[PDB]
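What follows is one structure encoded as structure tokens, with my remarks underneath.
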Amino acid sequence: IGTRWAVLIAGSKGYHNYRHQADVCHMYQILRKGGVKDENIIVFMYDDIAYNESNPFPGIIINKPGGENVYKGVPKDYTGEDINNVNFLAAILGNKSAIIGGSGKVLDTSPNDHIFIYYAXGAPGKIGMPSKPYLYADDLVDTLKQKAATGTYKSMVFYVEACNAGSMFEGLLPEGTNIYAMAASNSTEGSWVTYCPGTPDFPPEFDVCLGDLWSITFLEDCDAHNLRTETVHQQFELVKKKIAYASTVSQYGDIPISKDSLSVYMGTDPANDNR
Ligand SMILES: *[C@@H]1O[C@H](CO[C@@H]2O[C@@H](C)[C@@H](O)[C@@H](O)[C@@H]2O)[C@@H](O)[C@H](O)[C@H]1NC(C)=O
Ligand SMILES: *[C@@H]1O[C@H](CO)[C@@H](O)[C@H](O)[C@H]1NC(C)=O
Ligand SMILES: *[C@@H]1O[C@H](CO)[C@@H](O)[C@H](O)[C@H]1NC(C)=O
């Protein structure tokens, strides 16, 4: 019962920030393969990578060496300077009349729907937007409190790839409104980039990192398993263990929500039914 929705947002701009847009495009491919529909996936990506004069492969974005083109077919709801706090927060709330610029696609969800939000690109108490102002912890949590008050969702999972990512939720995110959050790092740690030049077996055409460590770890995990048999809690434990040497994967909010299979939010790719 209900519909799966998602909001994917890369909070940065500039070719050196290739990884944030590659991470978000990779998440789109997982949702598309799982049967989540484009009308229910709101994408915020600056869109300055695929056709950049510096990109050695125009029209292509990869999130791993030798990987597939993750840019192919990704919707463009909010690009360029339309990625900002006003539009990101109105999209989460689901109020089309509060969007200023962009497609107007928002989470106009119903009570049995599921929501998955993934943000990639931070400092204590804030995460980036392509231009100032940045998004502050209190303002993001206040929007989540407004969304909970409307009652227009069954449960929500929010994944954040950023430095000090846990600072967006620590001591603020409510625990009884069906919102579970997972962060690449805790409130006082930075997060790591990965797939950078100068590593064994790396495409010689690139001078930028292709992904972020926590992101490619959870994204590649989604690609390799039947999401009906892996829960959010099992992914938390697996990814937390895998990257313990770099940062402390952290969880906040309504922890029992993580008993849900990942397919509740992402669907599942029939090619991995045996895995
Ligand atoms: C949906 O949003 C409407 C527009 O909000 C107004 O415009 C935005 C851009 C901001 O300036 C905001 O402060 C304004 O209030 C509201 O008129 C409307 O009541 C909202 N609907 C619901 C159900 O919340
Ligand atoms: C390409 O990347 C450069 C470096 O960040 C940026 O200044 C420029 O705006 C981008 N151009 C396009 C066409 O996306
Ligand atoms: C964050 O993780 C580090 C370990 O890398 C730990 O020393 C620190 O106490 C943690 N901070 C919080 C607020 O939990």
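Starting from 1 in every chain, residues are counted up; chains themselves are A, B, ... following the order of the structure tokens, and ligands are numbered from 1 as listed.
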Q.
How would you report the residues lying within 6 Å of ligand 2, as a PyMOL selection string, if you count only C-alpha atoms and all ligand atoms?
A. chain A and resi 14-15+48-49+51-53
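Residues lying within 12 Å of residue 205 of chain A, counting only C-alpha atoms and ignoring same-chain neighbours fewer than 5 positions away, are residues 54, 55, 56, 57, 65, 66, 196, 197, 198 and 210 of chain A.
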With the cut-off set at 10 Å and counting only C-alpha atoms and all ligand atoms, tabulate each residue of chain A with an atom at most that distance from an atom of ligand 1, showing the nearest atom pair and its distance in Å to one decimal, ordered by chain and increasing number, as CSV.
residue,atom,partner,partner_atom_place_in_ligand_line,distance
A:86,CA,ligand 1,9 (C),7.7
A:87,CA,ligand 1,9 (C),9.1
A:90,CA,ligand 1,2 (O),8.1
A:93,CA,ligand 1,24 (O),8.3
A:94,CA,ligand 1,1 (C),8.4
A:95,CA,ligand 1,1 (C),4.9
A:96,CA,ligand 1,1 (C),6.7
A:97,CA,ligand 1,2 (O),4.6
A:98,CA,ligand 1,9 (C),4.0
A:99,CA,ligand 1,9 (C),6.1
A:100,CA,ligand 1,9 (C),6.4
A:146,CA,ligand 1,24 (O),9.2
A:147,CA,ligand 1,24 (O),10.0
A:150,CA,ligand 1,23 (C),8.8
(Q) Within 10 Å of ligand 3 (counting only C-alpha atoms and all ligand atoms), which residues show up? I'd like them as a list in words. (A) residues 164, 166, 167, 170, 185, 186, 187, 188, 189, 190, 244, 245, 246, 247, 248, 249 and 250 of chain A
Q | atom CA of residue 112 of chain A to atom CA of residue 252 of chain A, straight-line distance in Å | A |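 Between these atoms lies a distance of 22.1 Å.
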Q.
Quick check, in Å to one decimal: how far apart do atom CA of residue 21 of chain A and atom CA of residue 211 of chain A lie?
A. 8.7 Å
Write out, as a tab-separated table, each residue of segment 153-252 of chain A that has an atom at most 9 Å from segment 30-41 of chain A, together with the closest pair of atoms and their distance in Å to one decimal, counting only C-alpha atoms, rows going by chain and rising number.
residue	atom	partner	partner_atom	distance
A:219	CA	A:30	CA	7.9
A:222	CA	A:30	CA	7.2
A:223	CA	A:30	CA	6.9
A:227	CA	A:34	CA	8.8
Suppose we keep C-alpha atoms; can you now write the selection as a short mmCIF file (atom, residue, chain, number, x, y, z; two decimals), in the first residue's frame?
data_model
loop_
_atom_site.label_atom_id
_atom_site.label_comp_id
_atom_site.auth_asym_id
_atom_site.auth_seq_id
_atom_site.Cartn_x
_atom_site.Cartn_y
_atom_site.Cartn_z
CA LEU A 219 25.27 2.63 -2.91
CA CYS A 222 22.28 -1.48 -2.67
CA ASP A 223 23.49 -2.64 -6.11
CA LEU A 227 16.62 -5.16 -1.07
#
Q | Distance query residue 173 of chain A at most 9 Å, only C-alpha atoms, self and fewer than 6 positions along chain excluded, as number ranges by chain | A | A: 141-142, 144-145, 179-181, 252-254
(Q) Report, in Å to a single decimal, how far apart atom CA of residue 85 of chain A and atom CA of residue 61 of chain A are. (A) 25.5 Å
Which of segment 66-198 of chain A DSSP labels strand (DSSP E or B), written as a short mmCIF file (atom, residue, chain, number, x, y, z; two decimals) with C-alpha atoms, in the first residue's frame:
data_model
loop_
_atom_site.label_atom_id
_atom_site.label_comp_id
_atom_site.auth_asym_id
_atom_site.auth_seq_id
_atom_site.Cartn_x
_atom_site.Cartn_y
_atom_site.Cartn_z
CA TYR A 78 16.05 21.88 -9.56
CA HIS A 114 7.28 6.17 2.17
CA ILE A 115 9.95 8.87 1.71
CA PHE A 116 13.68 8.46 1.19
CA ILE A 117 15.89 11.60 1.22
CA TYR A 118 19.57 11.50 0.30
CA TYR A 119 21.82 14.55 0.52
CA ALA A 120 25.48 14.61 -0.59
CA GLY A 122 29.27 20.19 5.71
CA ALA A 123 30.50 21.92 8.85
CA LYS A 126 25.21 23.03 8.70
CA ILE A 127 25.34 21.50 5.23
CA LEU A 135 21.26 24.88 5.44
CA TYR A 136 21.37 25.01 9.26
CA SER A 155 7.84 6.55 7.48
CA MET A 156 10.91 8.46 6.29
CA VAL A 157 14.60 7.52 5.93
CA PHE A 158 17.12 10.39 5.51
CA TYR A 159 20.74 9.63 4.48
CA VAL A 160 23.35 12.44 4.75
CA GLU A 161 26.82 12.47 3.17
CA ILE A 179 11.88 9.54 10.74
CA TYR A 180 15.16 7.58 10.80
CA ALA A 181 18.43 9.31 9.76
CA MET A 182 21.84 7.84 8.88
CA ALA A 183 24.92 10.07 8.60
CA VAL A 193 36.23 11.31 -0.41
CA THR A 194 37.17 8.16 -2.42
#
